[PDB]
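Enquirer:
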Ligand code: SF4
Ligand code: SF4
């Protein structure tokens with residue numbers, strides 16, 4: 030359909046034009062709002078007082094990585110070379126080679142933490158359900174020699190909290 | 135078939151057969167092919183001669199308005215023996231339709247600017263000179279947009295290896311920011327996705 | 004109209020650098036990976052160049 | 006009190022819609038286990054691929070190309086105008 | 093934890109001293125919370 | 009030659025190792041022919057795969073799972 | 013400082029006072045996109061559409077995911093779309109909270125920024141609870157929405173919406189009829205011509221200028237047809253009647269979010285046919301057929317038939333294109349994106365000749381030019 | 245080959261052209277060399293210009309010799325103005341880059357198989 | 059009417075004879091083209107049928123329907139330019155037969 034805005038005409042009669050000459054010359058407008066709508070300061074401030082208080086999130090949040098393990102640990106990753114092949118940024122790097130018993134596992138697993146674009150494509154391709162984006166924003170170290178991760182940085186970083194992780198998926202896994 | 139498959143509509147496909155039937159009728163000096171995309175859009179294959187001419191007919195008429203120029207672009211195909219391609223794309227405000235105009239070329243053969251017909255091909259023609267290398271003559275201005283001042287390669291064509299030929303890095307030995315050949319920290323792995331068996335019978339290339 | 008016929012074998016120069024004369028390209032029909040029987044990966048004549056050293060970082 | 010209506014002396018009055026929602030009237034958590042249904046021809050004994058067919062559809066249908074009482078057919082009918090759409094259209 | 097009279101500043105925390113090989117007090121960062129409360133203090137649940 | 013990079017940096021390496029941590033498992037038995045190996049709990053673990061133990065004494069732990077398994 | 017969260021360098025030859033000339037240099041953010049999307053598959057290459065602009069997130073990808081479902085002859089299931097209206101029409105509350113403010117931070121005020129972004133936060137949760145991440149979130153796909161939303165959000169959308177029309181009444185008493193602002197903008201940068209069409213401009217700096225057309229109700233999207241709204245229009249072609257659309261266009265949205273919470277029917281989410289959608293994690297993990305379509309679907313992509321398309325949407329600042337050729341196999345061929353910024357800034361040099369220099373800072377802000385998008 | 249040429253016709257008006265803009269370069273090297281506040285021997289600036297124009301010497305054709313120009317005609321826009329900041333210019337004369345051997349036996353001890 | 063509507067225009071003035079100048083002006087000039095190419099067979103056929111509706115009814119308002127332009131004042135600028143092509147149309151020569159078919163295999167899409 031339509032509408033027409035800013036289409037109006039002044040009335041042009043001496044009952045009006047005072048009302049527009051009691052405005053220009055006496056400032057009866059322009060004190061209407063910012064004499065007032067500004068104050069209106071008397072509302073409670075809104076601030077999350079940071080070092081202590083913190084704000085909301087959701088169980089589907091994305092962040093620092095992990096590699097779980099079952100009960101008594103198997104290093105849940107089977108090195109099926111997938112979370113590697115859907116990765117848009119191509120951070121992941123994986124090198125398998127048959128472990129002594131003959132069950133296969135990894136050797137090098139490196140997520141670069143600069144390239145990773147935080148998809149949620151590597152949480153959703155792993156069929157054996159290993160690699161999982163953690164919910165902790167612990168980060169920010171002082172040397173780029175660092176953020177590159179090896180395998181045996183990840184596991185700890187994913188065994189430091191599994192009380193966080195193992196209780197999110199069981200909220201979220203019923204939807205997908 | 136209905137539930138998950140996009141329901142078609144015929145009416146739109148009858149008219150854009152007609153209205154495009156006869157623009158091969160009244161400008162046969164130029165137009166060399168026309169067809170109807172199964173989604174109800176048209177593609178007019180036009181010799182490189184008419185570009186300013188044909189649009190000008192499409193520029194005004196009472197049976198075809200096509201005042202709004204939306205998208206100029208290009209495609210570059212090797213093994214087409216005339217490399218590049220243009221595709222003009224025009225919306226006719228009264229009649230609610232899209233009709234695209236394809237015109238081939240090469241690098242060396244110039245093409246003539248559309249700028250007096252529409253004033254919105256002013257930028258879209260400056261760009262293409264940077265990327266693919268097509269050279270538009272009689273253009274009020276020709277310069278360098280989207281690219282740095284150093285790229286002598288005209289990237290988006292198919293011969294530019296993705297990472298360009300010179301990485302950049304700053305060194306304090308003097309006071310400039312200078313350019314040393316490209317040295318990566320990872321190969322840019324090349325995966326290989328193209329699976330056999332030809333899942334599409336309808337598009338089956340000629341038997342040969 | 005300025006049709007001006009002539010014949011000069013088309014060549015183009017200056018856009019790449021030294022990789023004009025150093026290398027030798029190759030034009031070949033891909034051979035069908037043999038672990039599977041699908042015959043549709045044939046049918047287009049591609050080209051691909053010589054391979055130079057990849058080292059270790 | 007003396008500061009309560011001095012917040013109400015300007016901007017009309019609100020006291021119901023208030024910027025910070027900080028007080029109650031929110032949603033609590035996800036308490037219930039949900040169950041997401043799968044409807045759309047998910048069953049057996051009938052659903053048969055090759056009737057559901059999303060893809061495999063033809064090449065763009067051609068029209069006369071190289072090698073009559075026309076009314077000056079336009080691509081479609083011209084547009085009829087709009088209303089003025091009573092809301093407070095001025 | 094407050095009386096449920098606020099949203100987002102209703103749930104808060106207190107740091108005290110020298111958690112693990114740590115400077116005493118006026119150093120407080122916020123990566124210290126035990127890896128349980130991320131299921132509480134962040135209002136994820 | 010390479011070894012001068014982690015000097016003073018203490019060299020993170022993996023205290024535990026799974027190279028074999030497996031063999032400590034009480035390798036199970038069933039009393040039947042073929043079994044269901046879905047591990048680590050339902051719908052978290054390897055895809056279900058059925059293995060045959062009939063040899064004499066061996067089993068087969070499917071190779072996703074690793075956990076020593078037999079009759 | 014006046015980069016509007018971007019890095020342009022413009023050069024003007026002014027005549028002693030009046031500008032009368034401008035000729036900007038864009039191309040500071042190019043990054044090399046459309047050369048890099050011939051090299052990635054269809055579902056792998058999605059985000060590089062989300063990272064194009066910084067502000068509208070789910071409104072991009074609504075314009076890609078609609079340019080693929082076509083070539084596939086497939087529609088989402090009903091509960092798909094009625095999401096894509098609730099998020100699709102909730103981010104029109106983002107670019108209209110920004111382009112009234114971070115425009116008017118140039119005019120010099122403070123609070124209409126520090127007063128609002130208290131609130132533009134309360135929205136960013138709702139990207140985080142639904143899927144993952146702070147801003148860029150890859151959620152829409154070729155098959156409709158990724159995964160269902162938690163138990164919740166419908167008491168956090170409702171509870172939040174009925175508070176909001178007040179906030180937008182603290183950007184009104186603080187702006188409209190405040191004189192020092194009215195005088196900074198009226199009859200400034202007026203393009204009323206039929207060049208304002210001839211250039212092919214998109215929505216606002218159209219609809220606020222008279223000529224009356226919009227791509228939401230002249231074309232359907234994804235069920236957009238079944239909800240009622242009115243498209244505000246302007247009087248004279250200056251800026252302060254391109255502002256006044258962007259208030260009366262934030263007071264239309266709260267009609268639709270309020271109209272769209274009542275209708276969402278239960279149903280699946282992904283497209284059903286499963287060649288184009290992955291299966292769940294209950295199904296890929298037991299039966300057989302549910303790998304070979306989950307394990308060939310995460311290496312090569314769909315198979316999407318050859319032939320070219322085009323498409324368009326109404327993005328908060330104007331249209332958005334995708335002209336998507338496809339060669340008949342898994343990786344695409346040209347994917348050519350057009351967003352405004354080849355129009356709304358093609359027309360600065362024209363528009364501003366004959367006003368001062370201290371206007372040209374406040375002309376730009378009305379087009380809503382935001383860069384890295386001119387990666388077009 | 246039948247396609248319209250760009251500016252030239254055959255080789256003469258063409259090789260009048262390359263002679264021409266030479267001077268626009270030759271007359272203006274140095275006004276920049278004081279303008280960017282870059283320091284070099286001004287004769288270097290007249291060696292490079294003459295080092296480049298002698299480079300592409302084997303060109304057999306019009307519409308090539310016109311193509312190169314359209315590049316060369318441009319640069320005088322940027323350089324005679326200031327659209328470059330010192331570091332788009334000096335990149336012509338490569339200061340930092342260690343030499344290439346280009347001889348034989350100097351290769352054979354460094355680098356595999358060029 | 060005082061508002062030209064679609065802005066950039068202005069109402070001046072005469073309806074009902076301002077068109078009739080131009081169609082008639084179109085019809086005469088248009089005839090100078092050879093009669094083979096259908097261009098006349100169309101470009102004219104729309105004008106006559108158009109003009110039949112012009113003559114004659116009030117108000118200008120009900121001249122709007124059955125003649126689909128924009129507002130009348132715009133329909134002129136619809137009829138204004140359709141000339142400015144015609145009087146070029148003899149410069150370059152569409153009617154003549156086709157020139158330079160492409161090199162016989164070009165438009166075939168899947169390479
Ligand atoms: S997690 Fe899934 S993807 Fe990542 S390695 Fe183990 S198996 Fe392959
Ligand atoms: S996180 Fe995002 S980016 Fe890093 S790997 Fe998984 S998907 Fe690729």
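Chains as they are written, first to last, in our numbering: chain A, 30 to 205; chain B, 135 to 342; chain C, 4 to 60; chain D, 6 to 95; chain E, 93 to 137; chain F, 9 to 79; chain G, 13 to 388; chain H, 245 to 358; chain I, 59 to 169. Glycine included, each C-beta is placed from N, C-alpha and C at the ideal position.
Which residues in chain A have a C-beta closer than 9 Å to the C-beta of residue 28(F)? List them in chain order.
Expert: Numbered from its first residue, the sixth chain carries residue 28(F) at position 20. Those within 9 Å of residue 28(F) in chain A are 128, 129 and 130.
Enquirer: How should residue 380(G) be labelled, buried or exposed, when 16 other C-beta atoms within 10 angstroms of its C-beta is the threshold for buried?
Expert: On the seventh chain, position 368 is the one that residue 380(G) refers to. Label assigned to residue 380(G): buried.
Enquirer: So if I threshold CB-CB distances at 7 Å, which residues from the region 193-210 of chain B count as touching chain I?
Expert: Answer in chain order: 194, 195, 196 and 197.
Enquirer: Answer yes or no: the CB of residue 108(A) versus the heavy atoms of ligand 1, is any distance below 7 Å?
Expert: By one-based count along the first chain, residue 108(A) stands at place 79. Yes, Cβ of residue 108(A) sits closer than 7 Å to a heavy atom of ligand 1.
Enquirer: So which residues on chain B does residue 63(D) lean against when the C-beta distance must stay under 7 Å?
Expert: Within the fourth chain, the letter at position 58 stands for residue 63(D). Chain B residues near residue 63(D): 172 and 336.
Enquirer: Spell out whether any CB of chain F is found under 8 Å from the CB atom of residue 308(G).
Expert: Working through the seventh chain from its first residue, we reach residue 308(G) at position 296. So, not an interface residue.
Enquirer: Just mark residue 106(E) as buried or exposed, buried being the case when its beta carbon has 16 or more other beta carbons within 10 Å.
Expert: Working through the fifth chain from its first residue, we reach residue 106(E) at position 14. It is exposed - the Cβ of residue 106(E) has fewer than 16 other Cβ atoms within 10 Å.
Enquirer: Does residue 258(B) come out as helix, strand or coil in the three-state DSSP assignment?
Expert: Here residue 258(B) is taken as the residue at index 124 of the second chain, counted from 1. Note: residue 258(B) maps to helix in three-state DSSP.
Enquirer: DSSP on residue 248(H), reduced to helix/strand/coil?
Expert: As a working note, residue 248(H) is residue 4 in the eighth chain. Residue state, collapsed to three classes: coil.
Enquirer: Using the Cα positions of residue 113(I) and residue 122(I), report the straight-line distance between them to the nearest angstrom.
Expert: By 1-based counting over the ninth chain, the position of residue 113(I) is 55. By 1-based counting over the ninth chain, the position of residue 122(I) is 64. Between residue 113(I) and residue 122(I), the C-alpha separation is close to 13 Å.
Enquirer: Whole angstroms are fine: how far does the CA of residue 137(E) sit from the CA of residue 115(B)?
Expert: With chain B running from 135 to 342 in the structure shown, residue 115(B) is simply not present.
Enquirer: Once you ignore the five residues that flank residue 140(B) on each side, which residues in its own chain have a CB closer than 8 Å to its CB?
Expert: If you number the second chain from 1, residue 140(B) lands on position 6. Excluding residues within five positions, none has a Cβ falling inside 8 Å.
Enquirer: Under the criterion of a Cβ to heavy atom distance below 7 Å, does residue 121(A) qualify as lining ligand 2?
Expert: Residue mapping note: residue 121(A) aligns to position 92 of the first chain, counting from 1. At least one heavy atom of ligand 2 is nearer than 7 Å to the Cβ of residue 121(A), so yes.
Enquirer: Nearest to residue 168(I) by CA position, among 371(G), 378(G), 339(G) and 358(G), is which residue?
Expert: Your numbering for residue 168(I) matches position 110 in the ninth chain. When each option's Cα is compared against that of residue 168(I), the closest is 339(G).
Enquirer: Using a threshold of 7 Å, is the CB atom of residue 164(A) nearer than that to any non-hydrogen atom of ligand 2?
Expert: By 1-based counting over the first chain, the position of residue 164(A) is 135. No, since every heavy atom of ligand 2 falls outside the 7 Å radius drawn around the Cβ of residue 164(A).
Enquirer: With contact counted as at least three CB pairs below 8 Å, one residue from each stretch, are the region 257-276 of chain G and the region 211-225 of chain G in contact?
Expert: Yes, they touch.
Enquirer: Between which two residues does the alpha helix (DSSP H) holding residue 289(H) run?
Expert: Taking the first residue of the eighth chain as 1, we reach residue 289(H) at position 45. Unbroken alpha helix (DSSP H) run through residue 289(H): 286-297.
Enquirer: Do you know whose CA, among 197(B), 233(B) and 187(B), lies nearest residue 205(B)'s CA?
Expert: For the purposes of this step, residue 205(B) is identified with residue 71 of the second chain, where counting begins at 1. Nearest of 197(B), 233(B) and 187(B) to residue 205(B), Cα basis: 233(B).
Enquirer: Using the beta-carbon of each residue, which ones in chain D are nearer than 8 Å to residue 142(E)?
Expert: Shown here, chain E extends from 93 to 137; a query on residue 142(E) therefore has no answer.
Enquirer: Assuming contact is defined by CB atoms lying nearer than 8 Å, are residue 297(H) and residue 333(H) in contact in what I supplied?
Expert: Numbered from its first residue, the eighth chain carries residue 297(H) at position 53. Numbered from its first residue, the eighth chain carries residue 333(H) at position 89. No, these two residues do not count as a Cβ contact at 8 Å.
Enquirer: Considering Cα atoms alone, identify which of 24(D), 17(D) and 62(D) is closest to residue 335(B).
Expert: Along the second chain, one-based indexing puts residue 335(B) at 201. That would be 62(D), whose Cα lies nearest to the Cα of residue 335(B).
Enquirer: In whole angstroms, give me the CA-to-CA distance for residue 159(G) and residue 333(B).
Expert: Here residue 159(G) is taken as the residue at index 147 of the seventh chain, counted from 1. Here residue 333(B) is taken as the residue at index 199 of the second chain, counted from 1. Near 29 Å, if we compare the C-alpha coordinates of residue 333(B) and residue 159(G).
Enquirer: Looking at the strands, I want to know which residues DSSP matches up with residue 50(C).
Expert: Within the third chain, numbered from 1, the residue matching residue 50(C) stands at position 47. Answer is 30(C).
Enquirer: Kindly indicate the opening and closing residues of the alpha helix (DSSP H) around residue 361(G).
Expert: Walking along the seventh chain from the start, residue 361(G) turns up at place 349. Per DSSP, residue 361(G) belongs to the alpha helix (DSSP H) from 360-363.
Enquirer: Report all residues from its chain with a CB closer than 6 Å to the CB of residue 373(G); omit the five preceding and five following residues, and keep chain order.
Expert: On the seventh chain, position 361 is the one that residue 373(G) refers to. Closer than 6 Å at Cβ, skipping near neighbours: 14 and 118.
Enquirer: Beta carbon of residue 207(B), beta carbon of residue 221(B): below 8 Å?
Expert: As a first step, residue 207(B) must be located in the second chain, where it is residue number 73. As a first step, residue 221(B) must be located in the second chain, where it is residue number 87. Yes, the pair counts as a contact, with Cβ atoms nearer than the cut-off.
Enquirer: Return the Cβ separation of residue 152(B) and residue 78(D) in integer angstroms, given the expectation that the two are a contact with Cβ distance under 8 Å.
Expert: Locating residue 152(B) in the second chain gives position 18, counting from the first residue. Locating residue 78(D) in the fourth chain gives position 73, counting from the first residue. Sure, about 5 Å apart at Cβ, within 8 Å.
Enquirer: Who are the neighbours of residue 238(B) on chain I, taking C-beta pairs under 8 Å?
Expert: By one-based count along the second chain, residue 238(B) stands at place 104. Result: 160 and 164.
Enquirer: Suppose the cutoff is 6 Å on Cβ atoms and the five residues either side in sequence are ignored; what does the same chain contact list for residue 41(G) look like?
Expert: Here residue 41(G) refers to the residue found at position 29 when the seventh chain is read from its first residue. Same-chain partners within the cutoff: 383 and 384.
Enquirer: Can you give me, in chain order, the residues of the region 309-334 of chain B that have a beta carbon less than 9 Å from any beta carbon in chain C?
Expert: Listed by position along the chain: 318, 319, 320, 321, 328, 329, 330, 331, 332 and 333.
Enquirer: Let me see if you follow: with CB-CB separation under 8 Å, is residue 128(I) close to chain L or not?
Expert: This model lacks chain L altogether, as its protein chains are A, B, C, D, E, F, G, H and I.
Enquirer: Using the Cα positions of residue 255(H) and residue 9(C), report the straight-line distance between them to the nearest angstrom.
Expert: Walking along the eighth chain from the start, residue 255(H) turns up at place 11. Walking along the third chain from the start, residue 9(C) turns up at place 6. Cα to Cα, the separation comes out at about 13 Å.
Enquirer: Would you mind sorting residue 155(I) into buried or exposed? The rule is 16 or more other CB atoms within 10 Å of its CB.
Expert: Counting from one through the ninth chain, the residue named residue 155(I) turns up at place 97. When all chains shown are included, residue 155(I) counts as exposed.
Enquirer: So the alpha helix (DSSP H) residue 101(I) belongs to, where does it begin and stop?
Expert: One-based indexing of the ninth chain puts residue 101(I) at position 43. From DSSP, the alpha helix (DSSP H) with residue 101(I) extends over 97-112.
Enquirer: Would you check if the region 181-191 of chain A and the region 27-45 of chain F touch, i.e. whether three or more CB-CB distances between them fall below 8 Å?
Expert: The region 27-45 of chain F, when compared against the region 181-191 of chain A, does not touch it at the 8 Å Cβ threshold.
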